[PDB]
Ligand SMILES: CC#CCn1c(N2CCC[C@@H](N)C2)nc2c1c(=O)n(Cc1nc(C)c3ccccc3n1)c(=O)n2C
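Read the single chain below, which is given as structure tokens and is the form deposited without this ligand.
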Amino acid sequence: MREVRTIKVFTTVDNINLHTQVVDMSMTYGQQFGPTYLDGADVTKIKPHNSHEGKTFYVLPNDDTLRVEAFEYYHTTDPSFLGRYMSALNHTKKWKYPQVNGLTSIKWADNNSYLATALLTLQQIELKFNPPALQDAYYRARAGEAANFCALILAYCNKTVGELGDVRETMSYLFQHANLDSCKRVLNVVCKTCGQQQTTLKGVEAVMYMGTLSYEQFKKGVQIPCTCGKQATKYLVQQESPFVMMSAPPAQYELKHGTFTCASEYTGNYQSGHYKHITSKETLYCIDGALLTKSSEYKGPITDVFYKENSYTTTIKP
């Protein structure tokens, strides 16, 4: 064969901006591009095919044009992000995403129940992501194709497919990448020996609390240790957010219809467990991936409860 036989392909980091390439079919993609992927699959050690003509390949950002695009799209500089995203995508593109009670869920696979619950929660709270990658993928998940959204969640949370996940920790990562700058929380803490003390929390900190599942109990007061050695009380002074997340180590808890938005239930230990999702609508639905049951009341090992909010100020006279 005289001269090199070639094909035209496009490389990308964000799957929107394309970069024309002529590739030599006698060499692998890795020899010509560095690590290369085709819709999640690692083709780095593969030589081009005629069927590859015109297709888009993900590559790592090795030149300043790809770097600017990658960061603008993903808001990250982690050198392994894009590989980790493609590894996850190769699995999540195979998962199933059924509509359960009007929401996009995920049929159980690969220990993914924490992702199912996280995805179902997102569709019930008001949240705008900042990274365009997350906006595009979330919009597409809402409509049914969550494969890219779930791979991105995995990649942002630095969990690989199959690894144990926490819903609260995942929610925390996603909240970091969301506009919550309009959120504010004022707390006060009362100690018999030490006195009063107010604290103001902003952004993410201000919509997550660890220690009680009850927003009522949070408004009324909760007991905590003080530097002196005694128990002090912490109560909510003011709240400004479209939702609040209350979390605590899993514990038997009664979910009362119409008193909360949705919740996470965790059964197991630190080694091994399973998440179910409970949403309060016309009744209480339990969504367990593809599975759906209902009940008028619920008692279970609850670990996260989501409530909604706009503005709240305490009637407690300090």
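Residue numbers run from 1 along the displayed sequence.
- For the segment pair 62-70 and 264-272, the entry gives 264-272 the higher mean B-factor, averaged over Cα atoms.
- Of the two stretches examined, 200-208 and 231-239, the record assigns the greater average C-alpha temperature factor to 231-239.
- Per the PDB entry, 195 shows the highest C-alpha temperature factor of the residues 83, 98, 162, 195.
- Across the options 154, 141, 118, 189, the residue with the most elevated CA B-factor in the record is 189.
- Residue 46: CA B factor lies in the highest third for its chain, per the PDB record.
- Residue 174: CA B factor in the lowest third of modelled residues in this chain (values from the PDB entry).
- Residue-level temperature factors show residue 224 in the highest third of its chain, judged at the C-alpha atom.
- For residue 250, the recorded CA B-factor ranks within the middle third of the chain. Only modelled residues enter the ranking.
- Per the deposited record, the Cα B-factor of residue 214 falls in the middle third when ranked against the other modelled residues of its chain.
The form solved in complex with this ligand exists for this protein as well; it is not shown, and the discussion that follows is about that form.
- A heavy atom within 4.5 Å of this ligand in the bound PDB entry is found for exactly one of 184, 84, 75, 140: 75.
- The contact residue chosen from 197, 176, 193, 231 relative to this ligand in the bound PDB entry is 176, the criterion being a non-hydrogen atom within 4.5 angstroms.
- By the criterion of a heavy atom within 4.5 Å, residue 130 is counted among the residues contacting this ligand in the bound PDB entry.
- Mapping the unseen interface onto this chain, residue 71 counts among the residues with a heavy atom inside 4.5 Å of this ligand in the bound PDB entry.
- The shortest heavy atom separation between residue 180 and this ligand in the bound PDB entry is within 4.5 Å.
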